[PDB]
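**Q**
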Amino acid sequence: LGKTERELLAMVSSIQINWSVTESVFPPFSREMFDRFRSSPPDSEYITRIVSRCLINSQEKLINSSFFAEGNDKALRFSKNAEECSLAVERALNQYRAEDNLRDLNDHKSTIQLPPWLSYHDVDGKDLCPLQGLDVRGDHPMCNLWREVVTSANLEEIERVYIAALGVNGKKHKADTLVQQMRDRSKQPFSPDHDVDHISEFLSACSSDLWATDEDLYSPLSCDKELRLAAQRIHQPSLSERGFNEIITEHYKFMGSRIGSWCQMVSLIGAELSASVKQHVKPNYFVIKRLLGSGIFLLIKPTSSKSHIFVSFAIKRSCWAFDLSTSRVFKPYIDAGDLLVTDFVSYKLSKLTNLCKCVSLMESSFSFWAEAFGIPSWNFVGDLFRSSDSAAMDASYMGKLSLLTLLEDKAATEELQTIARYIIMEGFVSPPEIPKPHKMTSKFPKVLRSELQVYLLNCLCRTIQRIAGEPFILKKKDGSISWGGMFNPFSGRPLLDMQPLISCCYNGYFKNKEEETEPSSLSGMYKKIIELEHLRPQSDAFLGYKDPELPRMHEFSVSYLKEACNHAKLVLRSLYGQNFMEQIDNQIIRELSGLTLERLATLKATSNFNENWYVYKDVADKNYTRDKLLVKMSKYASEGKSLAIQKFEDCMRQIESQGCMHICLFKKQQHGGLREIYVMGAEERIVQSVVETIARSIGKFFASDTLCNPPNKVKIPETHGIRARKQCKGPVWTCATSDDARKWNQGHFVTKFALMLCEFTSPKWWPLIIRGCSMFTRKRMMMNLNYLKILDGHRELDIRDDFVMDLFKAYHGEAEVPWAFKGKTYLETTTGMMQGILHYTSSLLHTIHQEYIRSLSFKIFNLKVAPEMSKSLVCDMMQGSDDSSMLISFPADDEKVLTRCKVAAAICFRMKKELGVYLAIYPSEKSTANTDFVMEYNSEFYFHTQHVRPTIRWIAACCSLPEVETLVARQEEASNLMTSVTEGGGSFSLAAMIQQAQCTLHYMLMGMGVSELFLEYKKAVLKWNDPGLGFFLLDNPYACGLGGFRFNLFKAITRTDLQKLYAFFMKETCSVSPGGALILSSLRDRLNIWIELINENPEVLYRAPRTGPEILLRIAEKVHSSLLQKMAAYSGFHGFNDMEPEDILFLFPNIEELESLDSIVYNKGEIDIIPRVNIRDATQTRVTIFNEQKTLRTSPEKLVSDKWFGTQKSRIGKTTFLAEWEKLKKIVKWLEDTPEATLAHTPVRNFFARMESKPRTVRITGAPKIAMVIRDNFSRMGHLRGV
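Taken in order, the sequence shown gives residues 214 to 373, 412 to 1318, 1337 to 1351, 1364 to 1370, 1374 to 1405, 1451 to 1572, 1579 to 1599, 1608 to 1626; the numbers are from full-length UniProt numbering.
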């Protein structure tokens, strides 16, 4: 044992338990609890009683649910089920109808609040000259308003960013208060029986005009043809001579389409509004603007609300060509003669982000949906024009639905869309169970806000009725498992491919990754913390003292927990032998040894919440600020502490002085997952880090735990079939179920975690554990200060939500609740887990529960059917945080045995859910039971052999503009998103289309279509084609998303003039990019506690730190990890430079893999693809940098550190080590046997420390060697030829 080990052990022994303070501050913890728990063995009789009761309950529930009482035929049972489903649906609909002040059935509100106009080009520029000389007619208030506007323009009274500053007749629509009242009059809920016929008409209809690309429509975003041509020339110089390839050709064709023109128009509207809102220059005036080179005019007003912007659109009659569609879906307009005008429209500041990215998102969505149904991605628009099959209609329908939901961008619509997943997954339930889709009826939104929601609800109701009437039919022959009767949840048309169906289910995920707040309507978050707290038992007798007979919320059985612990210990003894305890001890010691201050010292966030912020009145003006972990961790390390454990004890003492958690909350405004964030203090962070480290250490030993063994997640299902065939020794039958927990986060008490953790650890860790858990028994959560500011001055009748009423009454002292206090600024809670702050421990608890239920399932099969079947059946677990899955496989030779097996498997599936209660594992309605050859886990679906994923989840994510910083940073993160989507199961051609979308978005970001000056910029950037100036690099279409930004840069430098610039740096100014690019683009004071110091001791960069100052150096290096003017400045770079392979080697250490890919993907010309036949098995494959001959015996870093410092971690022969060193030396010319000579000779230490890259490993899912992957994964409709 090293010095670190012995000193850590000595310190840990120095930590001691203080029972008095813990008992006093934290009620439910006591010496007697743990003493009795460790001493008393579990009550076998009680366990047997509860197991028998669960068996009886499961049998009764199965009999009653499936209507086996009379032994009726399938027909009558299904009729009864349909009757029940209809009754439930009618109940929900009537409950909706019971509301008052319902919106009238005919009061149509357009889902899209924009005109359907489509027009030609006009005079360029942003000037308002075209307004002059227009004779507008009409009498509508907007007609008169725009008449005044044109009169002022003719009189040239418009100021300058043009400001109208109109006078009389400016009121009666703008009284500074009218409009904000008007759009406030849209609070009436929508009836379920509202007329929504026009939505259905628009969605599914003979809509072919949408895809006719002619007439020279307005298209401001088609001015970058030369740039795309140059980009294509990089990879396909021969083809580029002829012209654009297929992908760019169809991209520009889609630009030229009617929908393309409209999408570009709306995107320009979004960008213009986003620019306008930043001005805030009008005293009390209006601001008028004109779109670039078009007859579109926007009359804009921001109000005193500072959260809504009011717009009025106008178009010249002479320029207006026609309308995209005459349906009510779009905002109706008013004729005024020379002009067509619409009414004022209010927009929230959040939607503008969606508006700007409309065109790219829609190109992506349409391409993906066309690809999913079999239409080639690179040739779809024409196919959409000649709609001749159900596939084309379905694709168009889904694209239009994406349009509607994106333009509506309301969360409730997204949840309604996502519910379809669980609605339709019910159709795979095999006998003896029957599908119960109607059980999701309780998940509908409380209120209806839009016509689109009504239409979606009606579609969902029809789908539920249809599914409950008749499940999907199975078809088995010669190992060719298949299903029949599937249909789209929304359109209702038949389907035959799993992938489009799953994509339909997951359509509600359009992650845009907005890392900001969301003040409006966040009470639900707070509500989500309270709903269970009031249900806490008044007595703690069932929180770890005794065993409840009928468990309630938050209660659990001590004896069952101890029995599960004993069973898990027995399993571990069987697996790892008798000395498993000491192995665990060594593992945890090793894990804590490597738990340094540095690894926690990441940006993330921290809460400065102390007692100073308890009273709202004291702090009303000071703005709360979230500190970074960096400063606090650095301050702690400056004291001279190396390991994060070192500062545990003292830190907890501070917490013990506080006696409560000091958590703060954060709501992300992104429309998807991980909205909840529980930011938490430094001392809490260190303690929780220790606890989670030990939890993960203990849990790693269990194979079935996916969290601790991510490889096992993909390993287990694939090997399941092979193991089943080996064991059963013949044809097999598989049953399965996927389950999700109900109120997992706020349903758990904390004592059980401490108990079970102590059962698996030696006594010396006990004080570390019981203390570290007790701090969760009382937690105070801050709220948003603006929320309280609003609440204080809101008086009564705030909102109909009872939670807000209760909070208001408690804050003013009118009412008393245990989760709030008068005049305070926090919610106090005794239970909870704060959304994954205690993550590994929960997984361990789930793991042990599943091991016990596995044993019980073995017993049940042995009992109910035949004694000896345990020797010839397979059972498999999968668990994570809260999602779980159960797999069972048995021989399928005898029909009677097969039926008995199915009955027993259903019984065991119900057993798991029923018994989960005793450990406070509450099953959710989302769980699906007894589905044959169907399995779900983390949204990954396993339809027998096929393994499918919801690729759409990553589509919308690929289109975003976060992280700003440098342009090259933006491009490389775009490449990262491309890698993410392609590894998600998409085809390469679809990836190329997404890259085109990203290209157009990125180019319009610099102002393409916004400012005339962009035309000058194009003139310059073309000459130098440097990404540092914003030039976008299109990857080779055949292998886009695989080679990545490194491939793009390598190809660029290989032949283009760009290399001449890089050699200029080898012989405004900024440093190199992480990708290696010498870019140019266009806190530290607080960390007062270095390059020369690192140079003096490079070993710091090559080993884990053991002292303070080195930790400071490591965090320090972690911290430091105009356009016309700039092109004018570049005129001085006339230095004559040439090629140099050594510079390429320095920039790219992995040249061999890059050229290997190049040898296949370079200059492939046109595309010829042979269509495939039916479906094939999905096979995992290793693709890139798999070889080790060129990648050396071990990593270059290991060899360098062994040579310079003798770390002897290479574990190779001495002569082998010398040979490896010599071959590296001939690889690396400037590498020397000493750090000093190497530093002097090479053309600081950090820059040459990380140049050893060793890129990551990539795996792909082929559908039957890099050539194989590229030929079989370019497109899903076929495979390449000649490769």
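Note that CB positions come from ideal geometry on N, CA and C, so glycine has one too.
1) Tell me whether the beta-carbon of residue 1389 lies closer than 7 angstroms to the beta-carbon of residue 1580.
2) In this structure, how does DSSP classify residue 1181 when only helix, strand and coil are distinguished?
3) What separation, rounded to the nearest whole angstrom, lies between the Cα atoms of residue 1483 and residue 1017?
4) Since residue 917 sits in a beta bridge, which residues does DSSP pair it with?
5) I need the DSSP call for residue 597, collapsed to helix, strand or coil.
6) Roughly how far, in whole angstroms, is the beta-carbon of residue 1377 from the beta-carbon of residue 885, given that I think they are within contact range, below 8 angstroms?
7) For the beta strand (DSSP E) that contains residue 1586, what are its first and last residues?
8) Roughly how many whole angstroms lie between the Cα atoms of residue 1500 and residue 312?
9) Looking at the strands, I want to know which residues DSSP matches up with residue 1032.
10) Classify residue 1511 as helix, strand or coil using the three-state DSSP reduction.
11) Cα-Cα, which of 904, 545, 857 is closest to residue 881?
12) For residue 1509, count the other beta carbons within 10 Å of its own beta carbon; 16 or more makes it buried, fewer makes it exposed. Which is it?
13) Looking at the structure shown, is residue 334 part of a helix, part of a strand, or coil, going by DSSP?
14) In chain order, what are the residue ranges of uninterrupted alpha helix (DSSP H) at least 4 long that sit wholly in the stretch 1278-1318?
15) Considering only their Cβ atoms, is the gap separating residue 991 from residue 1177 smaller than 7 angstroms?
16) Below 8 angstroms CB to CB, which residues in the same chain sit around residue 767 once its five sequence neighbours on both sides are set aside?
17) With DSSP run on the structure shown, which of helix, strand or coil describes residue 1264?
18) Pull up the distance between the alpha-carbon of residue 1391 and that of residue 887, whole angstroms please.
19) What are the boundary residues of the beta strand (DSSP E) that includes residue 989?
20) Taking DSSP as the reference, what is the three-state secondary structure of residue 439?
21) Assign residue 1317 to one of two classes, buried (16 or more other C-beta atoms within 10 Å of its C-beta) or exposed (fewer than that).
22) Assuming contact is defined by CB atoms lying nearer than 7 angstroms, are residue 441 and residue 705 in contact in what I supplied?
23) Is it buried or exposed, residue 1071, if we count other Cβ atoms within 10 angstroms and call 16 or more buried?
24) What is the DSSP secondary structure of residue 1269, counted as helix, strand or coil?
25) Taking the C-alpha atoms as reference points, what is the distance between residue 1568 and residue 1492?
26) Take residue 1205 and list the residues in its own chain whose beta-carbon comes closer than 6 angstroms to its own, dropping the five residues that flank it on each side.
27) Tell me, to the nearest whole angstrom, how far the beta carbon of residue 323 is from that of residue 700; I am working on the premise that it is less than 8 angstroms.
28) I think residue 595 touches residue 430, with their Cβ atoms under 8 angstroms apart; what is that distance to the nearest whole Å?
29) What residues in its chain sit with their C-beta under 7 angstroms from that of residue 1103, if we drop five residues either side in the sequence?
30) Residue 792: which of 822, 1549, 807, 781 sits nearest, CA to CA?
31) What does the Cβ neighbour count give for residue 1281, buried or exposed, with the cut at 16 atoms within 10 Å?
32) Between the C-alpha atoms of residue 684 and residue 310, what's the straight-line distance to the nearest angstrom?
33) Let me know if residue 419 comes out buried or exposed under the rule of 16 or more other beta-carbons within 10 Å of its beta-carbon.
34) Could you tell me how far apart the beta carbons of residue 255 and residue 1002 are, in whole angstroms, since I believe they sit closer than 8 angstroms?
35) List the endpoints of the continuous beta strand (DSSP E) containing residue 705.
36) If distances are taken between C-alpha atoms only, which option among 365, 307, 522, 347 comes closest to residue 1255?
**A** Quick look at the numbers:
1) no
2) strand
3) 53 angstroms
4) 928
5) strand
6) The pair is not a contact, with the Cβ atoms about 16 angstroms apart (cut-off 8 angstroms).
7) Premise fails: residue 1586 is in no beta strand (DSSP E) and is neither H nor E.
8) 55 angstroms
9) 914, 1078
10) strand
11) 857
12) exposed
13) coil
14) 1295-1306, 1309-1317
15) yes
16) 919, 920
17) coil
18) 12 angstroms
19) 983-990
20) coil
21) exposed
22) yes
23) buried
24) helix
25) 40 angstroms
26) 1231, 1232, 1235
27) Not a contact, Cβ separation roughly 14 angstroms.
28) 6 angstroms
29) 815, 818
30) 807
31) buried
32) 33 angstroms
33) exposed
34) Not a contact, Cβ separation roughly 16 angstroms.
35) First-last for residue 705: 702-720, but that is the alpha helix (DSSP H), not the beta strand (DSSP E).
36) 522
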